[PDB]
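Just below is one structure, and these are the notes that go with it.
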Amino acid sequence: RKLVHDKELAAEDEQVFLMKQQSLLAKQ
Amino acid sequence: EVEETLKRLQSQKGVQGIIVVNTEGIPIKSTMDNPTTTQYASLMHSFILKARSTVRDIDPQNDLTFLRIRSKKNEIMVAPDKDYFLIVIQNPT
Amino acid sequence: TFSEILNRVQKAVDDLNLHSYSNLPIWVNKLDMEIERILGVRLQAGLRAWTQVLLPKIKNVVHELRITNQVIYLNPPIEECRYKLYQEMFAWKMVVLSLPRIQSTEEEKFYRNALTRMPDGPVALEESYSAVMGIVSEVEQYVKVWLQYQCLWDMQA
Amino acid sequence: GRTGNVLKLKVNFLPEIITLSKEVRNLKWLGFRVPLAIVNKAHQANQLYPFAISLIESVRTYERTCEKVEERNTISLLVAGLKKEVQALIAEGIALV
Amino acid sequence: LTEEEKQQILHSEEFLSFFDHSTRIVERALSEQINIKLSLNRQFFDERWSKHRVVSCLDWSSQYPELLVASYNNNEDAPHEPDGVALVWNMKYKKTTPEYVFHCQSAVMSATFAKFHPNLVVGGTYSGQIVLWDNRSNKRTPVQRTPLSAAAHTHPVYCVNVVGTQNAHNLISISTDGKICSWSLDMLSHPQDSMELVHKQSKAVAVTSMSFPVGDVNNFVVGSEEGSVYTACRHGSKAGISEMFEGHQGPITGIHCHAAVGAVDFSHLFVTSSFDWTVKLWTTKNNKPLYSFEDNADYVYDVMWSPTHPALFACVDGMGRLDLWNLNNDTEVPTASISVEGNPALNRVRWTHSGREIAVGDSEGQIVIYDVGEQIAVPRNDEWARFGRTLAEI
């Protein structure tokens with residue numbers, strides 16, 4: 001029962017965040 | 001930087017040829033041809049080592065940081081500190 | 001030199017760790033993966049060089065043939081020379097394999113996986129062992145024909 | 001250089017608006033009177049200028065350094081967390097009018 | 001025979017001291033020691049760093065009275081190449097190349113030497129961000145840069161200065177918005193003081209140039225593009241504008257306080273070079289200008305006192321001529337004048353330390369330095385007495 005590191009820091013490439021927030025700005 | 005340094009050191013007087021020698025003699029760089037550069041720079045390195053010995057003879061802590069030879073036909077410049085041996089071929093004037 | 005390089009690597013890693021950066025352990029793990037691959041490459045190079053030297057500084061192994069109570073005797077015999085050769089190649093392996101790991105047990109304390117990290121497969125180790133067995137076999141073959149002379153005393157006038 | 005449609009992030013602020021504000025400021029002491037709507041617009045732009053220029057310089061610097069990060073892919077995994085907080089702050093700020 | 005060790009030692013840049021001494025010694029090696037009134041002395045025009053470029057600022061190093069810093073805005077010739085161009089020029093030996101170069105990502109507006117440290121150079125840019133550069137180190141990037149915040153400067157800064165001695169120094173800067181901010185040479189990431197200068201009814205003053213009385217800290221004097229001169233106490237008992245001057249109808253471009261110190265106290269005399277050829281002179285105690293400069297129109301830029309002579313100064317005109325003005329001998333005609341060849345849009349002038357020569361800027365980047373007459377450079381107690389009596393004329 002030696003603990004193994006969980007999911008590491010994700011990248012979430014800039015383009016995906018940009019398009020998500022572009023959609024959010026469009027809908028707001 | 002490399003190219004900018006050579007250009008600014010050359011265009012200050014239209015020097016016939018200069019290469020950067022950061023090693024103890026035997027440089028592979030050339031400015032007009034391989035032999036006249038490399039062999040003469042090695043000979044300069046030997047002579048400036050002898051001159052450094054000469055200036056250390058009077059007092060060992062002395063070092064030669066500047067050297068120029070202006071003869072009837074050529075001018076030779078070198079400013080060695082630890083490995084930066086400069087070469088300049090120029091008219092006596 | 002490998003030890004100082006690894007020590008400086010670990011010092012840089014610790015400097016990063018004390019800075020409290022983000023997402024370190026997997027980065028350390030993949031650095032260890034790359035460095036163990038490089039260690040395996042250097043180890044195969046050194047091992048193959050040692051093997052071709054056998055066929056890298058190598059100690060000179062010596063043993064003598066003597067006779068006591070009119071019986072031909074070996075000091076040491078061939079098998080002890082074989083064991084010394086095995087110990088020497090073990091030490092040659094440990095030159096690289098004793099290197100410590102990089103971390104934020106015994107295997108985890110210092111890296112022992114380069115044999116599985118072999119890029120060319122166990123062939124280099126296999127050919128090293130083959131060279132050792134060939135050398136010892138030729139040595140004992142020479143001894144056997146040479147040692148045969150001891151039967152003369154066994155056989156009275 | 002890239003086939004994809006880059007969603008480059010900008011700042012909703014024209015840099016030349018302050019030029020109009022300084023023009024108005026000069027004209028007031030010059031004796032020329034401009035309409036009060038222009039006065040209010042110029043005053044608002046002048047008072048809101050430092051925030052807007054700070055925003056645009058900050059976003060330009062963050063972009064430049066993030067493209068520097070992605071230039072060396074061996075570092076992005078470590079730098080991911082800081083980029084995560086930066087993205088969270090951007091997400092918080094974008095919804096603002 | 002090496003092929004890569006020399007190549008890699010060339011690629012590795014350990015040439016800081018190497019390049020420093022090479023630059024400092026080869027220009028010396030240019031010397032030709034082979035065994036076989038106004039008058040121009042040295043004209044400087046860097047082809048690479050001043051080709052069709054307008055000088056943005058000029059200064060003289062008090063610590064080293066042989067060094068000059070020159071500033072340049074963005075270059076319309078090419079935007080891709082570095083815009084903010086800063087030049088360092090020396091007179092150790094004649095040479096076309098500048099002694100040092102410097103670049104700032106924004107257009108450089110003003111720059112000056114540091115009194116606290118004899119090597120650091122500070123410069124104000126068009127983005128309102130003070131720029132720090134170290135002369136000893138061989139770098140092109142700014143060493144330090146103030147943050148662009150509301151508390152710090154945001155509008156373009158046109159005047160930066162360091163007040164106090166070498167142990168009580170203080171870097172003071174003014175933005176064209178009207179913010180006054182004090183920094184220290186050690187750290188350039190936070191304004192030690194910050195306060196938006198206001199004259200009355202909470203309206204700020206669009207300061208163009210600033211001057212301070214010689215030998216005095218605090219109680220600053222500022223000039224505004226609005227056409228008014230203001231006296232602003234730095235801290236005192238109350239910070240802000242302390243005096244409204246009548247000023248000049250056109251914008252005030254060059255303001256300077258008297259610097260020559262002798263048997264009499266003339267540090268209160270203020271000269272302002274406005275946009276209408278009108279160099280207006282007065283004292284802080286009088287709300288009106290004492291005398292007016294009128295020989296032409298259209299923008300004499302700046303006025304600079306001669307550090308050695310009490311009644312002599314210089315002022316350069318946009319038309320392309322520098323006229324030397326002395327008060328003791330004349331009050332209506334220039335005592336000396338000269339025009340730079342080609343009649344260029346001469347920008348600015350700067351009196352050197354201890355006088356005896358003048359530095360002139362230009363819109364073409366060809367700055368010219370030259371001396372003055374020996375009969376006119378040296379003052380005397382008679383000069384101070386006659387200046388005092390001419391001040392009493394009106």
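Here the Cβ is made from the backbone with ideal geometry for all residues, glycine too, and neighbour counts use every protein chain on show. Read-outs throughout are calculated quantities, based only on the coordinates presented, and are distinct from any laboratory measurement.
Treat every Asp and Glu Cβ in chain B as -1 and every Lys and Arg Cβ as +1, leave all other atoms uncharged, and give the resulting dipole magnitude about the Cα centre to the nearest 20 debye.
With only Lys, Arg, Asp and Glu charged at Cβ, the dipole is about 420 debye.
Do the sum for chain E: with -39,500 (n - 2.57) for every DSSP H run of n ≥ 4, divided by all residues, what is the mean residue ellipticity at 222 nm, to the nearest 500 deg cm²/dmol?
It lands at -2500 deg cm²/dmol.
Cα to Cα, under 25 Å, and not fewer than 8 places away if on the same chain: which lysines meet these conditions relative to residue D:28?
D:41, E:179, E:200, E:203, E:280, E:288
At 7 Å along the Cα-to-beta-carbon direction for both residue D:41 and residue C:116, put a label point, then send me their distance in nm to one decimal.
With each label placed 7 Å out from Cα toward Cβ, I get 7.2 nm.
Tell me, what is the percent relative contact order of chain B, built from C-alpha pairs under 8 Å that lie six or more residues apart?
It rounds to 27 percent for chain B.
What residues from segment C:72-112 fall in the zone where the backbone N is under 16 Å from a label point 7 Å along the Cα-to-C-beta line of residue C:155?
Of the residues in segment C:72-112, C:72 have backbone N under 16 Å from the label point off residue C:155.
Run the simple label-point estimate for residue C:20 and residue C:2 please: 7 Å along Cα→C-beta, distance reported in nm.
3.8 nm
Under 20 Å Cα-Cα from residue D:83, which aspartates and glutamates qualify once same-chain neighbours fewer than 8 residues away are excluded?
Partners found: A:6, A:8, A:12, A:13, A:14, D:57, D:63, D:67, D:70, D:71, D:92.
Which net charge results when you count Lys and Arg as +1 and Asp and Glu as -1 among the other residues whose beta-carbon is under 11 Å from that of residue E:193?
Residues close to residue E:193 contribute a combined charge of +2.
For segment E:178-278, give the magnitude of the charge dipole about the Cα centre (Cβ charges: +1 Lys/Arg, -1 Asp/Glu; no others), in debye to the nearest 20.
It works out to roughly 220 debye.
Can you pull out the chymotrypsin sites (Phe, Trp or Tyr not before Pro) in segment B:44-93 whose DSSP state is coil and whose Cβ has at most 12 other Cβ atoms within 10 Å?
In loop regions of segment B:44-93 (DSSP not H, G, I, E or B), there are no sparsely surrounded chymotrypsin sites (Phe, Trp or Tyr not before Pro).
For the residues B:88, E:217, what sequence is obtained by ranking on other C-beta atoms within 10 Å, fewest first?
By the 10 Å Cβ count, ascending: E:217, B:88.
Can you compute the charge dipole magnitude of chain E about its Cα centre, using +1 on each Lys and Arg Cβ and -1 on each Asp and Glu Cβ, nothing else charged? Give it in debye, rounded to the nearest 20.
860 debye
Give me E:193, E:83 ranked fewest to most by other Cβ atoms within 10 Å of their Cβ, as a rough exposure proxy.
Listing E:193, E:83 from fewest to most nearby Cβ atoms yields E:193, E:83.
Hey, what angle do you get for helix B:34-58 against the long axis of chain B, alpha-carbon based, 0 to 90 degrees rounded to 10?
20 degrees
With 10 angstrom as the radius, rank E:233, E:257 by how many other C-beta atoms surround their C-beta, starting from the fewest.
Lowest count first: E:233, E:257.
Got a sec? Charge dipole of chain D, +1 on Cβ for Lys and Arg, -1 for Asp and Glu; which of D:97, D:11, D:43 is way out at the positive end?
Value: D:43.
I'd like to know which of B:87, A:25, E:112 lies farthest towards the positive end of the charge dipole of the protein assembly as shown, counting +1 on Cβ of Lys and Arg and -1 on Cβ of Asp and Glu.
A:25
Please list 3J(HN,Hα) in residue order for segment A:14-21, calculated via the Karplus relation 6.51 cos²θ - 1.76 cosθ + 1.60 where θ = phi - 60°; whole Hz, with x for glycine and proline.
3, 5, 5, 5, 4, 5, 4, 6
Let a ≥ b ≥ c be the square roots of the eigenvalues of the Cα gyration tensor of chain B; is it rounded (a/c under 1.5), or, if not, prolate (a/b larger than b/c) or oblate?
Verdict is prolate for chain B.
Using the structure shown, select from E:51/E:139; C:30/D:84; B:13/E:95; B:13/B:82 the pairs with a Cα to Cα distance greater than 20 angstrom.
E:51/E:139; C:30/D:84; B:13/B:82
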